[PDB]
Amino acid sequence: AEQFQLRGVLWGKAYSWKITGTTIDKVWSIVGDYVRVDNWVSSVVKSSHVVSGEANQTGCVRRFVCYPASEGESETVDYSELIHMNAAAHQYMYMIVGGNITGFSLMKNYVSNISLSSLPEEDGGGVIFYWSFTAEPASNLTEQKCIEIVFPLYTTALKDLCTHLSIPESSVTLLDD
């Protein structure tokens, strides 16, 4: 029992938002439909389908297609595997297992976590949206560059969430901003 094995360290960051004027169920209807992320981050994602396993069950793989970055550029594609799903607890975990999404496909073993929590009713309710990622250090990136890839997308997704919820963007507050 007096021995240990060193492991590599990770890059990453976790973010949390408070969302008012909605419920965990309404947010989850959009955010929790993992294989239909095209119905969530619709400003970036053109379409999305399950390509392995059963839709939204642990182990399944989604393939989604992103709109071109500019006129002459091609659409890009993501493959990501649901590696944990707990719908009852409004939380899941996924990782990129293929594709060529700009920035994201550069990272080594990008793994992301989403968790929704309800604030107590007597405090006016609202939802805490937790979203984190990690990636393994590799020579072609830095942690800072990973954060510069991830955080603007998370930000866009929170804005797209509001659009689908028909609530104002001001409904969302990034905690510790």
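Numbers follow the displayed sequence, beginning with 1.
- Two stretches are in play, 117 to 125 and 148 to 156, and the higher mean C-alpha B-factor belongs to 117 to 125.
- Judged by mean Cα B factor in the deposited record, 66 to 74 ranks above the other of 66 to 74 and 22 to 30.
- In this entry, the residue among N39, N56, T134, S139 with the greatest C-alpha B factor is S139.
- Ranked against the other modelled residues of its chain, the C-alpha B-factor of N86 as given in the entry falls in the middle third.
- The PDB entry assigns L174 a C-alpha temperature factor belonging to the middle third of its chain's modelled residues.
- When the modelled residues of the chain are ordered by C-alpha B-factor, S52 sits in the highest third.
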